[PDB]
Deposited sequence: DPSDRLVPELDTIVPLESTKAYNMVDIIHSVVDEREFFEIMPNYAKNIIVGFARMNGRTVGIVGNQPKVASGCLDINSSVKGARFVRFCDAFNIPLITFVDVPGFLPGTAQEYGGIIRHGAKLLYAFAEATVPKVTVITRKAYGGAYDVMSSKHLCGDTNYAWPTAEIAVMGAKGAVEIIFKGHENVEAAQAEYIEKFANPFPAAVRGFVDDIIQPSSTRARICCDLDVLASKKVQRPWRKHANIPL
């Protein structure tokens, strides 16, 4: 499987209407080697997707939002499911690839009483702690603190890319919408490295995984950290 293979089928996979959803597993299958994906917890917390795949023959971990289920919103179960997988991938030098289409956290008194703050902070910590190479692609949406948790603004994401249909809005929704109906406000402030065509996605990621294989960072000494569990 050549690392420079184009994926034109991803050029129109994201619908123009934000009210209409799509399947992130299709994108994951299109990007990875031989379209082979080992999904972890496929039938639990279906609003998030985690699994193992290969890029250029190297094992990679995949985390992504699923707009089909609960509009891709994050909650307690998806938070912990993604967090432990990210921690395992970081603990064994496995690079992470993230696909971001999260509109925020699931509201309601059940989530608040269940401790949505702690469980969300678990995913925040898991992404902010990883020292492995990490590549992030924003497909359509990234709102609120959900934008920050899914590897955005320097606590996670060595390279960040946005599709032409991607957009970041702190409070989504005439003159103001046109300004923030595009990732240009993100690009001008250096939020994302570039705006790429979907067809090049795989190739880009492969190139990045070659450069970041020798990434080393230094952190202050500690016996261990305090997980927000």
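Stretches of the deposited sequence absent from the structure, as judged by C-alpha coordinates, reduce to one: 174 to 191.
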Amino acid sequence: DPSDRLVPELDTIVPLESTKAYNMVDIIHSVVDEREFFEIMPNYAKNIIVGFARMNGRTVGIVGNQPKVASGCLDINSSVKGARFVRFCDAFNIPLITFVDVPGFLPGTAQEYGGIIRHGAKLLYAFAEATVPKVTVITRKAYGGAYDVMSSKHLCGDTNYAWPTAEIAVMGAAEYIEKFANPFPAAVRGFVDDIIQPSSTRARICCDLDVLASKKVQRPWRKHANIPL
From here on, numbers count along this sequence of modelled residues.
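Between two forms, the rigid core is the largest collection of C-alphas that superpose within 1.5 Å.
Where the structures in 6 other deposited structures of this protein are fitted on the rigid core, 157 to 165 is the one of 66 to 74 and 157 to 165 whose C-alphas sit farther from the shown form on average. Core-fitted comparison in 6 other deposited structures of this protein shows that, between 181 to 189 and 47 to 55, the CA atoms farther from the shown form belong to 181 to 189.
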